[PDB]
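Shown next, in C-alpha cells, is the structure this report addresses.
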Amino acid sequence: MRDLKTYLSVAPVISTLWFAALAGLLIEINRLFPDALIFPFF
Amino acid sequence: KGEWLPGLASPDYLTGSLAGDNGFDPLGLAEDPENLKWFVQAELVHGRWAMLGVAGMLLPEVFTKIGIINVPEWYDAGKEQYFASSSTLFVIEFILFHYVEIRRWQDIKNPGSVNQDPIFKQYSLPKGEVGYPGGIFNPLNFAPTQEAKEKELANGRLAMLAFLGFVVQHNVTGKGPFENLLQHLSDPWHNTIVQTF
Amino acid sequence: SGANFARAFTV
Amino acid sequence: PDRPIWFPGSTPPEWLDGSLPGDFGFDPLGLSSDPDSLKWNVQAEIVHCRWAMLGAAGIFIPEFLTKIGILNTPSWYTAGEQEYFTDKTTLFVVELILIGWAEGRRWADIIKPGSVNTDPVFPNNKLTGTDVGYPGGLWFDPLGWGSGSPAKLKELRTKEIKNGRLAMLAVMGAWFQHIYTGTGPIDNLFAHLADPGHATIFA
Amino acid sequence: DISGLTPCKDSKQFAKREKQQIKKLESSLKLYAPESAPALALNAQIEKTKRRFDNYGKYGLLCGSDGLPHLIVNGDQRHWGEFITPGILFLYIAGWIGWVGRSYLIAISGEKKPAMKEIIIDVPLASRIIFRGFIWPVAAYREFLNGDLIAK
Ligand code: CLA
Ligand SMILES: CC(/C=C/C=C(C)/C=C/[C@@]12O[C@]1(C)C[C@@H](O)CC2(C)C)=C\C=C\C=C(C)\C=C\C=C(C)\C=C\[C@@]12O[C@]1(C)C[C@@H](O)CC2(C)C
Ligand SMILES: CC(=C/C=C\C=C(C)\C=C\C=C(C)\C=C\[C@@]12O[C@]1(C)C[C@@H](O)CC2(C)C)/C=C/C=C(C)/C=C/[C@@]12O[C@]1(C)C[C@@H](O)CC2(C)C
C-alpha cells in the first residue's frame with residue numbers, strides 16, 4: 001500500500017488527475033453559466 | 001491558555017503571553033516577531049473602531065423602533081442633508097485623522113518618543129506599553145489589568161463579526177438588521193436564510 | 001435513430 | 001493463531017494476528033498493510049456497522065408493521081418526497097450542524113486518544129472509556145455493561161461487529177430489491193415464501 | 001457614445017444578425033418531426049441564442065458600425081467589468097499559484113536530495129502549503145518589507 005501511494009504520487013499521474021479535475025470544474029462552470037463576455041456581478 | 005481546537009498543538013511562537021491568546025493561526029501569518037507586533041497593533045485599533053461602529057449602527061435603530069427618536073437608517077445617513085456639504089466635512093476629517101494617525105505611527109515605530117506635548121512642554125504622558133497609552137486617555141483611571149484587556153479583545157472580535165453580518169445581511173436583503181431579527185423571531189422555521197433566498 | 005441521438009442530450 | 005478463517009486450509013495474512021474483535025483473516029487485496037490504515041479501517045467499519053444497523057432496524061420495523069394493520073407509515077423509498085412542516089434544506093442544515101459537532105469531537109478523539117474526555121461547559125462530568133471507538137461514560141454506557149473482563153468484552157464486540165455486517169448486507173439488499181423490482185421488501189419475502197420455486201430474481 | 005460607437009440595445013445590425021441566426025436554425029428545424037429529439041435540441045439552441053442576445057443587450061455593451069460588440073480597456077467607470085474587474089481577479093488567482101509553488105520549493109530545500117521530492121511530489125506537505133496562498137498579498141507584502149523576497 002505504501003508503494004501504491006508512492007506510485008500514485010508520481011508526477012504524470014498527479015498531473016493528469018489535477019488537470020482532469022480542473023477541466024471538469026471549468027466544464028461545469030461553463031455549463032451552468034452558458035456564455036459571458038463581461039463581469040456583471042458588480 | 002485555552003485551545004481553539006481540541007486535539008491540535010499550538011504553534012511555538014504563540015506562547016500565551018499576549019492578551020487573548022488561544023493559539024489560532026492555521027495559515028501562519030505571525031511567524032516573524034515584527035509581523036506579530038504589527039498584527040497585534042492592527043487587531044487592537046481595527047476592532048476598537050469596529051465596536052463603536054457597530055454600536056452606532058445598531059442602537060439608534062432600536063431606539064427608533066421603540067419610538068423615542070426618528071432617525072434615518074445607517075445606510076440612508078449619507079443621503080441625508082446636513083448643515084455643511086460632505087466635502088468640507090471629509091476634508092476636516094482627513095486633516096485631523098492625518099495628524100492623529102501620524103502621531104500614532106510615530107509612537108509605534110519608536111516607542112516612548114511622542115509623549116511630550118508639542119505646544120505645552122510641561123504636560124506629558126506617563127510611560128507605558130504600546131497600544132495602551134493610558135494617562136490623559138484614561139480620565140477615570142481604571143486598572144489596566146490583563147482581564148480588562150482580554151474582555152476588550154473578545155468584545156472587539158464580536159464587533160468584527162457583528163459588522164460583517166450587518167453589512168452582508170443588508171446586502172442580500174435590503175431590510176435593516178433589527179427588522180431582520182424581528183422577522184426571524186416572528187416565525188423561526190420559515191424566516192431563516194435557507195427558507196427565504 | 002432518434003433515440004440514439006437523444007442518448008447524448010438526456011441531461 | 002489457530003482461529004477459524006474465511007477460507008479453510010489457506011494461510012491468513014501476516015498483519016491480521018487475530019487480536020482484533022471479529023477477525024477471520026479476510027483481506028485478499030491487502031488494503032490494511034500499514035498500521036494507520038488498520039486503525040482507520042477499524043474505526044470506519046465500526047461506525048458503518050452502527051449506522052447500517054440503525055438503518056436496517058428503522059427500515060424493516062415500520063414496513064413489517066405496515067404489512068399488518070397496526071400502523072400506516074409510508075414506504076421508506078418515498079419518505080424523502082412526502083411533505084413535512086419545513087423545507088428539506090433547513091432540516092438538512094440543522095442536522096448538518098448537530099451531527100458535525102459530534103463528528104468533530106469523535107475525529108479529535110481519533111487523532112488524539114485522550115483529549116476530549118472532559119465536559120467543556122461543566123467540568124465535573126467525564127467519560128470513563130479508555131478505547132477509541134468505545135466512548136464509555138454515563139451518556140453512552142449507562143448500564144455499565146461495557147466494562148468487564150477482556151474475554152467477555154471481545155465476545156461482545158464480535159457479536160456487535162457480526163450484527164453490523166449482516167445489517168449492511170440487509171440494507172444494500174433492500175435498496176437493490178426496491179430499485180430492481182419496485183415493491184416493498186416484505187412483499188417480496190412473502191411472494192418468495194409462497195412460491196420458492198419460481199419467485200426468484202430470475203422470475 | 002465613446003469613439004463614435006452605438007449602444008448595443010439601440011443598434012439595428014444586432015437585431016439583423018439575431019434574425020439571420022434564428023432563421024438559419026429554424027430552416028434546419030423544419031426538416032425533422034416536431035416531437036423528435038433533434039427538434040428538442042434545435043429548440044434549446046434557439047432559446048440559448050435568444051437568451052445570449054438579450055443578456056448582451058441588457059449588459060450595456062457597445063456595438064460598432066458593422067454590428068459587433070466592442071470592448072473598452074480605457075478605464076472608464078461604465079466599463080469596470082469589461083477589462084479591469086476580471087483582470088484583477090486573474091492576478092489574484094495567478095499570484096496564488098506562483099506563491100504556492102515558491103513555498104513548496106523552499107519546503108524541500110532543507111533535505112539533502114530535493115530532486116526526489118521534485119520528481120515525486122508528496123501530498124501531505126503540498127496540502128499543508130496549498131491553502132496558505134489564500135492570503136498571498138499580505139504575506140508577500142510583509143516579506144517585501146522585511147527583505148526576504150530577494151536573495152543576497
Ligand atoms: C513554480 C512556480 C514558478 C514561478 C514562481 C516562476 C517564476 C517566474 N518565471 Mg518561471 N517557469 C516555471 C515555474 C515558475 N516560474 C516553469 C515550470 C517553467 C517551465 C515551463 C518556467 C519557465 C520560465 C520562462 C521561460 C520564463 C520564466 C520567467 C519567470 C519570471 C516572470 C514571470 C513569468 O513570466 O512567468 C512565466 C511562466 C510560465 C511560462 C509558465 C509557468 C506556469 C507553471 C506551469 C506553474 C507553476 C506550477 C508548478 C508545477 C506548481 C508545483 C507546486 C506544487 C507541488 C505545490 C518569474 C520569476 C520569465 C523570466 O525569465 O522573467 C524574468 C521567463 O522568461 N519562467
Ligand atoms: C473595523 C470594522 C468596521 C467598522 C465600521 C465603522 C467604523 C462604521 C461606521 C458607520 O456605521 C456608522 C457608525 C454610522 C453609519 O451611518 C456610517 C458608517 C461609516 C457605516 C470592521 C472590521 C471587520 C474585520 C473582519 C471581519 C476581519 C476578519 C478576519 C478574520 C476572520 C481572520 C481570520 C484569520 O486571520 C486569522 C485570525 C488567523 C489566520 O491564521 C487565519 C485567518 C482565517 C486568515
Ligand atoms: C452504513 C450503511 C452501509 C450499507 C451497506 C454497506 C455495504 C454493502 C458494504 C460493503 C462492503 C464490502 C463488500 C467490502 C468488501 C471488501 O473490503 C472487504 C471487507 C475486504 C477487502 O479485502 C475485500 C473487499 C471486497 C474490498 C448503510 C446505512 C443506511 C442508513 C443509515 C439508512 C437510513 C434510512 O433507512 C432509514 C433508517 C430510513 C429511511 O426512510 C431513510 C434512509 C436514509 C434510507
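Quick look at the values:
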{"read-out": "Verdict on A:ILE14 being part of a helix (DSSP H, G or I) and either of a type in the set (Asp, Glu) or surrounded by 11 or more Cβ atoms within 10 Å (Cβ to Cβ) (or both)", "value": "yes"}
{"read-out": "Residue within segment B:22-41 that is farther than 22 Å from E:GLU143 by Cα, away from ligand 1 (no atom under 16 Å from the Cβ), out of contact with any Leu (no Cβ under 7 Å at 6 or more places or on another chain) and more than 14 Å from every other protein chain (Cβ to nearest Cβ) present", "value": "no"}
{"read-out": "Test: E:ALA139 is more than 16 Å from ligand 3 (Cβ to nearest atom) and away from chain B (no Cβ under 11 Å)", "value": "no"}
{"read-out": "Selection count where residues are touching a strand residue (DSSP E or B) at 6+ places or on another chain (Cβ under 9 Å) and within 27 Å of E:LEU68 (Cβ to Cβ), scope segment A:1-37", "value": "1"}
{"read-out": "Any hit, segment D:176-197, residues being closer than 30 Å to D:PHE24 by Cα, away from ligand 2 (no atom under 16 Å from the Cβ), surrounded by 10 or more Cβ atoms within 10 Å (Cβ to Cβ) and not β-branched (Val, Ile, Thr)", "value": "yes"}
{"read-out": "Any hit, segment E:109-116, residues being closer than 30 Å to A:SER9 by Cα, away from every other protein chain (no Cβ under 14 Å), without any contact (Cβ under 8 Å) to a residue 24 or more places away in the chain and under 27 Å from the mean Cα position of the chain (by Cα)", "value": "no"}
{"read-out": "Residues being loosely packed, with under 13 Cβ neighbours inside 10 Å and among the acidic types (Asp, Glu) - total across segment D:60-109", "value": "4"}
{"read-out": "Output for segment D:73-100, where each listed residue is away from chain B (no Cβ under 14 Å) and away from ligand 3 (no atom under 15 Å from the Cβ)", "value": "D:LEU98"}
{"read-out": "Neighbours by Cβ (under 9 Å, 6+ apart or cross-chain): first from segment D:1-17, within 22 Å of D:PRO35 (Cβ to Cβ); second among the basic types (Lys, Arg)", "value": "D:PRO12/D:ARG3"}
{"read-out": "Selection from segment E:117-136 of residues that are away from chain B (no Cβ under 14 Å), part of a helix (DSSP H, G or I) and either surrounded by 11 or more Cβ atoms within 10 Å (Cβ to Cβ) or among the aliphatic types (A, V, I, L, M) (or both)", "value": "E:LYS117, E:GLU118, E:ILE119, E:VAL123, E:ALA126"}
{"read-out": "Options B:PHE63, B:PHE94; residue that is free of Cβ contacts under 8 Å to residues at least 40 places away in the same chain and either surrounded by fewer than 11 Cβ atoms within 10 Å (Cβ to Cβ) or at positive phi (or both)", "value": "B:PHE94"}
{"read-out": "Criterion: more than 30 Å from E:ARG17 (Cβ to Cβ) and in contact with a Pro (Cβ under 8 Å, 6 or more places away or on another chain) - qualifying residue of E:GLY95, E:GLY60, E:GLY110", "value": "E:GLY95"}
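Virtual Cβ from ideal backbone geometry, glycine too; neighbours counted across all protein chains shown. Every number here is computed from the coordinates shown, using simple stated rules; none is lab data.
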